[PDB]
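Below: the structure, in structure tokens.
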Amino acid sequence: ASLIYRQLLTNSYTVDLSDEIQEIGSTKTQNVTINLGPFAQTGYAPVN
Amino acid sequence: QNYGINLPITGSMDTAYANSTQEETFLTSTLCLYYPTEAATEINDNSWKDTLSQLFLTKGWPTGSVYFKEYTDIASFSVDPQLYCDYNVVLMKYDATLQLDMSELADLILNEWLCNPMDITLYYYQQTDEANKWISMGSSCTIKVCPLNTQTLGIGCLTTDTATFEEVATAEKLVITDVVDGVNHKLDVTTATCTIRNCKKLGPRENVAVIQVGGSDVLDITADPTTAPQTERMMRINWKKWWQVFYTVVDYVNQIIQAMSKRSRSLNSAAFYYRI
Amino acid sequence: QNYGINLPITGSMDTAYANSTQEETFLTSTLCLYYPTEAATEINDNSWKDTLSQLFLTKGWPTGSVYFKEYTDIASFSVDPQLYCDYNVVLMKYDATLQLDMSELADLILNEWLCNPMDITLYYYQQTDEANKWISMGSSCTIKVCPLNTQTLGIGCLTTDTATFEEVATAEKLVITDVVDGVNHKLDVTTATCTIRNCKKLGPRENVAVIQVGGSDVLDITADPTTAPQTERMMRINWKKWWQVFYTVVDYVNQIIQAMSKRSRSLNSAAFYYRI
Amino acid sequence: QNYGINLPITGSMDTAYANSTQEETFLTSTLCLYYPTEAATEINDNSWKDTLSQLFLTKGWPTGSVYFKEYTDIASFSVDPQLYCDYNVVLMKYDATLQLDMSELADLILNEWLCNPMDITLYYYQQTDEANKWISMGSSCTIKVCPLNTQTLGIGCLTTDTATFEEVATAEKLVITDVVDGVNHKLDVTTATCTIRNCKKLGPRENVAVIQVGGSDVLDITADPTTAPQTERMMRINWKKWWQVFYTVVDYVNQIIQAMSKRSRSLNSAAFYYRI
Amino acid sequence: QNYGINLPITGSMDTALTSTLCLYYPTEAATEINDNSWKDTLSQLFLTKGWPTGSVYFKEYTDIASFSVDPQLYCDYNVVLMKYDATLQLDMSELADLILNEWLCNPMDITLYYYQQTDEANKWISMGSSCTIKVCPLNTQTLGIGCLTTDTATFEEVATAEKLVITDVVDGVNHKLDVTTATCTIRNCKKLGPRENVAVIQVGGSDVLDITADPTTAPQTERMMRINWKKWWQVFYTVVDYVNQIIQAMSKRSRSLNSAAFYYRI
Ligand SMILES: *[C@@H]1O[C@H](CO)[C@@H](O)[C@H](O)[C@H]1NC(C)=O
Ligand SMILES: *[C@@H]1O[C@H](CO)[C@@H](O)[C@H](O)[C@H]1NC(C)=O
Ligand SMILES: *[C@@H]1O[C@H](CO)[C@@H](O)[C@H](O)[C@H]1NC(C)=O
Ligand SMILES: [Ca+2]
Ligand SMILES: [Ca+2]
Ligand SMILES: [Ca+2]
Ligand SMILES: [Ca+2]
Ligand SMILES: [Ca+2]
Ligand SMILES: [Ca+2]
Ligand SMILES: [Ca+2]
Ligand SMILES: [Ca+2]
Ligand SMILES: [Ca+2]
Ligand SMILES: [Ca+2]
Ligand SMILES: [Ca+2]
Ligand SMILES: [Ca+2]
Ligand SMILES: [Ca+2]
Ligand SMILES: [Ca+2]
Ligand SMILES: [Ca+2]
Ligand SMILES: [Ca+2]
């Protein structure tokens, strides 16, 4: 009855395929580059 | 499981070396980096923390295990250095005019201190042995001392008149005071602004290392004039840019952690001795 | 020690008793007495501390070993309690309204805790086991809880809308939250004036004793409803004058200390062990 | 004769020592003395070369073998420092603000470096091990680095915009850059006026000694923070007059050469390993 | 090593930084290619042959004359693509003589000292913007032969406006030397042996190289290749495709610490 384990590990390559299938219908959410940093403090020129 | 009692441990001189545990310790331990504000100012980036975290990930430290703590300067940092990570690395910029202060900071965070309260104006205080010091910390610590003789009369000072007290510290954020042992002293301290504690130097603190950025070997963490031990946890680097300093810290993190050890006083084994 | 912590200690059942170490304990120890402000106000003496120190000296303690710390009230004292001396006796006044707060303070200071930070804004937190609680301390700690389900959706609450959260603490100086174990929660806490930590109760803190002045046995240092253990370190007395209370504390200091075990004093004075 | 293979050599204890070879090496070797211009300026004697040559002859060296090479200062001398004599001695004046530059110069000349060219415009570069550095020299070498993740995207920077690059060197005449190992970096170097090379530290360069004239122990010829070795070839001298400095160098030339050895990479026996 | 250099190596007959490549090509090659990304293409084509990304390096030189001014050999393997010009034959040979062999050179102060060449391995190599070497052989009495030691106009000229020149004079004879020391420098060099990590591929022409001063021998070593060409792209493709064979002719065990073409000793 140990074969199950040996099979579970042996056939585990097919897991990849399943993931691909589960990724087929999954929605895609792609991120963009985000500015951070020393953002200089700029204001209005002397105004009267 | 047999906490609070010391037992001898017997081992053989032919037990095989176990495999490296560096990967496991990196995986299951935290690292804190203390740097001055001017380091962040010079770096002139805000994602630099994430960049260093990723670079550490390349060195095996899991994301989020490395912590970056900031302090304004040595004087402000010395008020109450509270180091909580498993491994603490403190980047300390060198300034000649602050030499002693730097030493004091190192003396405070490279060693373990058992500190009891001090109530001046109600008890006179002796320093029993070499390891006994008086650590004063606060916004501004001004400590004046009046040694007394066996009859409780001051030596070169009047118990009533504080103006005659010998002045040993002026407006200090942190000061380690060492007086002559076996002599009672009356203390005048700015209690409203500073707190003074009677501390015993138990031994080294192995999870804290100090990297001195620039300068020469000036740290002196032992009050004894005849010893100036540069331990393996006290490092020195020359610098011109802080990015190079941080890259050096990241790349050689293996060596830095090797120089350090887990806090012996902490962790479950040292339970019912002092802590945990 | 650590290399002999997990080793057996064998002793024979005929070893002669050693002499009384009470004198040696008093000589090499320090005592901290925590009392409320009303005690000092009622005493209305500027030398009562010196009188108590002299009486303790009559009881064997060296002169500069007994220290006295004053707190405004139970709620004020519960914000980051600090236990300084080797032996810490806390004179806690009884109020029928502050019963839960008295119990929380006693639980915090009569037990050793291992706490970690919680970033409530980023992660959903759960309590692993019966020893795991959330200890919140600050000027005003208002904790609201939203339990979730396997799909991360809230039950009886909406993660987006905090107004639907199940408030469990409001305007608290110290609170020990116990939620259902194994359930992820999303927490709203006034982080500006509150700090919440995930804490595990390691065990008793045997160097801290609490004397309840007035009332009945109301302390409950166990979150478990089925048990309300009264330990040897939970004393209770009846009072009319604070001077009599202090005289009872001084006279029976032998018994009070005998109910406490030394070596439980952490290197730090905090009421919990902070780990990152 | 067998030049390509490393054959073991079996020596026998008790083999009689050979006579002193100091005279023979002095007669059949050349000594180069590198000093700053200010040295000659202070000395103010157009014939001092002849005087030093005659003094060296009194010490053993034939009067055609001691060479005196003059450099303006540390910064200028660091650009392609070419040392061709059998024994090179460099008097380096100490400046408290040029510690890193002095350390870089010593690291470059006190150690053997195997350098390959670098095309920052063509390849992304990575440092393989701790012995690998990026040594750049020129009139004004400014180096900025952008680490890249496994997907080749920059970390904390954009490969397209060099403004986001992390600056590691600015207007450096010489700089030894050490970045995190195993990470590819896009390099932005002012190649128009400086050359960058990818180098390995093979080992010590035994025919170059550096005397730091009037400073402290500050040289760090190793990028590892945990090591700041003081090899026998780095000496320190206090000074007020350069004539005294040169007299000390002449009088202790025996010891100075003793601290040095013939360049291992040089000479015939090093053939077919790297050079000659 | 050095303590086991003079020891035998016994072997049985019955028993059975990574490498870097430098390509030296003339600038006219890159001009003919006319592409600004050809280096990347050649790097990937080399990577097909097993050279990692940042291993191959391409160094440009204006021409044979300019390249000869103190040439520098940077990589583990140095394949030099040299365009053939019937008018520059000797110069090409000189470059090969200075590039395919290891030299040991000492400073020469022509103004103060006479110089002689001890043996057949001794030459005088001079390099710079422009060399004009004029030689006056002397006799046992130190008087010039066909020349006047004081009058340099009678000196025999052996080089004129040379960017590189290897001078071979009669051995055992002292020579007074007039060299344009301002614009170029001369050194007494000794040929130690082959430099196995440098190969020279002559693009076009015929076999004309002569890396030995002896007139009786003109050996073509395995590191001296020749290829006919019409398009530089074909030249670079054949260099890339047969890089295995090119490296086979070379040995990685001649890369000195410095890139100079000669060891220098004071
Ligand atoms: C064993 O040691 C090797 C060599 O350092 C290391 O790669 C490996 O991670 C270690 N652990 C195990 C479980 O093999
Ligand atoms: C213990 O008590 C006994 C009885 O008074 C006394 O004789 C002895 O000296 C004491 N001390 C020790 C160390 O046994
Ligand atoms: C070495 O020195 C000794 C004693 O000065 C002398 O007798 C001998 O000839 C010298 N030379 C050799 C090769 O031993
Ligand atoms: Ca100080
Ligand atoms: Ca006085
Ligand atoms: Ca003392
Ligand atoms: Ca000391
Ligand atoms: Ca409460
Ligand atoms: Ca609700
Ligand atoms: Ca719970
Ligand atoms: Ca209970
Ligand atoms: Ca520099
Ligand atoms: Ca950036
Ligand atoms: Ca590196
Ligand atoms: Ca170092
Ligand atoms: Ca020529
Ligand atoms: Ca003539
Ligand atoms: Ca000849
Ligand atoms: Ca020939």
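Letters A, B, ... mark the chains of the structure tokens in the order given; residue numbers begin at 1 per chain; ligand numbers begin at 1, in order shown.
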### Query
Taking every C-alpha atom in sequence order, what RMSD separates chain B from chain C after the best least-squares fit?
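Once chain B is fitted onto chain C, the C-alpha RMSD works out to 2.9 Å.
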### Task
Please provide as a VMD selection string all residues within 12 Å of residue 245 in chain B, with the sequence filter that same-chain residues fewer than 2 positions apart are discarded (counting only C-alpha atoms).
(chain B and resid 35 39 to 40 42 to 43 52 91 to 93 211 to 214 236 to 243 247 to 253) or (chain D and resid 100 167 to 169 177 to 180 223 to 225)
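Nearest to ligand 4 of all the residues B:2, B:244, B:99, B:266 is B:99, counting only C-alpha atoms and all ligand atoms.
Listed by chain and then residue number, the contacts of ligand 10 are residues 125, 126, 127, 128, 129, 130, 131, 132, 133, 134, 135, 176, 177, 178, 179, 180, 181, 182, 183, 184, 185, 198, 199, 200, 201, 222, 223 and 224 of chain C (distance at most 12 Å, using only C-alpha atoms and all ligand atoms).
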### Task
Dump the neighbourhood of ligand 18 as an NGL selection string: all residues within 10 Å, distances computed on only C-alpha atoms and all ligand atoms.
:E and (116-124 or 167-173 or 213-214)
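Nearest-residue note for residue 40 in chain E: choosing from E:24, E:237, E:57, E:155, the minimum distance belongs to E:57, counting only C-alpha atoms.
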Would you tabulate, counting only C-alpha atoms, all residues of chain A that have an atom at most 10 Å from an atom of chain D, showing the closest pair of atoms and their distance in Å to one decimal, sorted by chain then ascending number, as JSON lines?
```
{"residue": "A:33", "atom": "CA", "partner": "D:158", "partner_atom": "CA", "distance": 9.4}
{"residue": "A:36", "atom": "CA", "partner": "D:156", "partner_atom": "CA", "distance": 9.5}
{"residue": "A:37", "atom": "CA", "partner": "D:164", "partner_atom": "CA", "distance": 9.7}
```
## Note on the structure
Correct to one decimal, the distance CA of residue 189 in chain C-CA of residue 139 in chain C is 12.2 Å
### Query
Which residues of chain C are close to chain B, meaning at most 7 Å apart when you count only C-alpha atoms, and how do they look as a list in words?
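That gives residues 1, 2, 3, 4, 5, 6, 7, 8, 50, 64, 84, 85, 263, 264, 265, 266, 267, 274, 275 and 276 of chain C for chain C.
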### Task
Can you check which residues of range 170-252 of chain C DSSP gives as strand (DSSP E) on the backbone and send them as a PyMOL selection string?
chain C and resi 172-177+185-189+195-204+208-213+234-237
### Query
DSSP on the backbone: what in range 54-162 of chain C comes out alpha helix (DSSP H), as a PyMOL selection string?
chain C and resi 54-58+74-77+99-109
Export of prior selection with N, CA, C and O atoms as an mmCIF file, in the first residue's frame:
```cif
data_model
loop_
_atom_site.group_PDB
_atom_site.id
_atom_site.type_symbol
_atom_site.label_atom_id
_atom_site.label_comp_id
_atom_site.auth_asym_id
_atom_site.auth_seq_id
_atom_site.Cartn_x
_atom_site.Cartn_y
_atom_site.Cartn_z
ATOM 1 N N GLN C 54 14.795 52.436 57.501
ATOM 2 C CA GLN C 54 15.377 52.088 58.793
ATOM 3 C C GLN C 54 14.671 50.890 59.417
ATOM 4 O O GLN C 54 15.314 50.033 60.035
ATOM 5 N N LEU C 55 13.348 50.813 59.280
ATOM 6 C CA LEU C 55 12.632 49.659 59.814
ATOM 7 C C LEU C 55 13.027 48.381 59.080
ATOM 8 O O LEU C 55 13.238 47.332 59.705
ATOM 9 N N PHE C 56 13.152 48.451 57.755
ATOM 10 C CA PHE C 56 13.627 47.297 57.001
ATOM 11 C C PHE C 56 15.031 46.907 57.440
ATOM 12 O O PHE C 56 15.362 45.719 57.509
ATOM 13 N N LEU C 57 15.872 47.897 57.745
ATOM 14 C CA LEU C 57 17.189 47.599 58.295
ATOM 15 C C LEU C 57 17.067 46.843 59.608
ATOM 16 O O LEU C 57 17.809 45.886 59.855
ATOM 17 N N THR C 58 16.139 47.263 60.466
ATOM 18 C CA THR C 58 15.872 46.492 61.674
ATOM 19 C C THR C 58 15.449 45.072 61.327
ATOM 20 O O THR C 58 15.685 44.143 62.107
ATOM 21 N N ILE C 74 -4.076 52.652 39.443
ATOM 22 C CA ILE C 74 -3.900 51.360 38.785
ATOM 23 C C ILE C 74 -3.804 51.546 37.277
ATOM 24 O O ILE C 74 -2.928 50.977 36.616
ATOM 25 N N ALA C 75 -4.707 52.347 36.712
ATOM 26 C CA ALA C 75 -4.719 52.536 35.267
ATOM 27 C C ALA C 75 -3.424 53.177 34.785
ATOM 28 O O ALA C 75 -2.859 52.765 33.765
ATOM 29 N N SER C 76 -2.936 54.187 35.506
ATOM 30 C CA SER C 76 -1.675 54.817 35.132
ATOM 31 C C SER C 76 -0.517 53.833 35.230
ATOM 32 O O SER C 76 0.344 53.786 34.345
ATOM 33 N N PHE C 77 -0.480 53.039 36.302
ATOM 34 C CA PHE C 77 0.621 52.103 36.499
ATOM 35 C C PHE C 77 0.646 51.026 35.425
ATOM 36 O O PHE C 77 1.708 50.466 35.136
ATOM 37 N N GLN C 99 -12.283 46.258 38.720
ATOM 38 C CA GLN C 99 -11.958 44.858 38.972
ATOM 39 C C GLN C 99 -11.208 44.241 37.798
ATOM 40 O O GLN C 99 -10.170 43.596 37.982
ATOM 41 N N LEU C 100 -11.717 44.428 36.579
ATOM 42 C CA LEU C 100 -11.036 43.858 35.422
ATOM 43 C C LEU C 100 -9.662 44.481 35.236
ATOM 44 O O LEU C 100 -8.718 43.798 34.834
ATOM 45 N N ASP C 101 -9.533 45.780 35.498
ATOM 46 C CA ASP C 101 -8.234 46.426 35.356
ATOM 47 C C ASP C 101 -7.249 45.916 36.399
ATOM 48 O O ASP C 101 -6.068 45.706 36.095
ATOM 49 N N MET C 102 -7.713 45.705 37.631
ATOM 50 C CA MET C 102 -6.863 45.089 38.643
ATOM 51 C C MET C 102 -6.412 43.707 38.195
ATOM 52 O O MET C 102 -5.233 43.352 38.315
ATOM 53 N N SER C 103 -7.348 42.910 37.675
ATOM 54 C CA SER C 103 -7.007 41.569 37.219
ATOM 55 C C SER C 103 -6.005 41.615 36.075
ATOM 56 O O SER C 103 -5.071 40.812 36.031
ATOM 57 N N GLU C 104 -6.189 42.541 35.136
ATOM 58 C CA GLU C 104 -5.269 42.648 34.010
ATOM 59 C C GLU C 104 -3.878 43.056 34.471
ATOM 60 O O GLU C 104 -2.878 42.503 34.002
ATOM 61 N N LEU C 105 -3.788 44.021 35.385
ATOM 62 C CA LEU C 105 -2.479 44.420 35.888
ATOM 63 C C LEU C 105 -1.801 43.264 36.610
ATOM 64 O O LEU C 105 -0.613 42.995 36.391
ATOM 65 N N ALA C 106 -2.545 42.558 37.464
ATOM 66 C CA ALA C 106 -1.967 41.425 38.177
ATOM 67 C C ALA C 106 -1.514 40.344 37.206
ATOM 68 O O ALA C 106 -0.427 39.777 37.359
ATOM 69 N N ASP C 107 -2.329 40.054 36.192
ATOM 70 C CA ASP C 107 -1.954 39.065 35.191
ATOM 71 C C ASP C 107 -0.686 39.478 34.462
ATOM 72 O O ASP C 107 0.183 38.644 34.188
ATOM 73 N N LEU C 108 -0.565 40.763 34.128
ATOM 74 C CA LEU C 108 0.612 41.224 33.405
ATOM 75 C C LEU C 108 1.867 41.122 34.261
ATOM 76 O O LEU C 108 2.913 40.673 33.780
ATOM 77 N N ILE C 109 1.788 41.525 35.532
ATOM 78 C CA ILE C 109 2.995 41.608 36.351
ATOM 79 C C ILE C 109 3.270 40.347 37.164
ATOM 80 O O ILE C 109 4.410 40.149 37.607
#
```
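The residues sitting within 12 Å of ligand 3, with only C-alpha atoms and all ligand atoms considered, come out as residues 16, 17, 18, 19, 20 and 21 of chain D.
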Residues of chain C that approach ligand 9 to 12 Å or less, counting only C-alpha atoms and all ligand atoms: could you list each one with the shortest pair of atoms and its distance in Å to one decimal, rows by chain and increasing residue number, as a tab-separated table?
```
residue	atom	partner	partner_atom_place_in_ligand_line	distance
C:144	CA	ligand 9	1 (Ca)	9.9
C:145	CA	ligand 9	1 (Ca)	9.1
C:146	CA	ligand 9	1 (Ca)	7.7
C:147	CA	ligand 9	1 (Ca)	9.7
C:148	CA	ligand 9	1 (Ca)	11.8
C:154	CA	ligand 9	1 (Ca)	9.3
C:155	CA	ligand 9	1 (Ca)	7.9
C:156	CA	ligand 9	1 (Ca)	4.5
C:157	CA	ligand 9	1 (Ca)	4.5
C:158	CA	ligand 9	1 (Ca)	7.7
C:159	CA	ligand 9	1 (Ca)	10.4
C:161	CA	ligand 9	1 (Ca)	9.6
C:162	CA	ligand 9	1 (Ca)	8.9
C:163	CA	ligand 9	1 (Ca)	7.6
C:164	CA	ligand 9	1 (Ca)	4.0
C:165	CA	ligand 9	1 (Ca)	4.9
C:166	CA	ligand 9	1 (Ca)	5.3
C:167	CA	ligand 9	1 (Ca)	8.6
C:168	CA	ligand 9	1 (Ca)	11.5
```
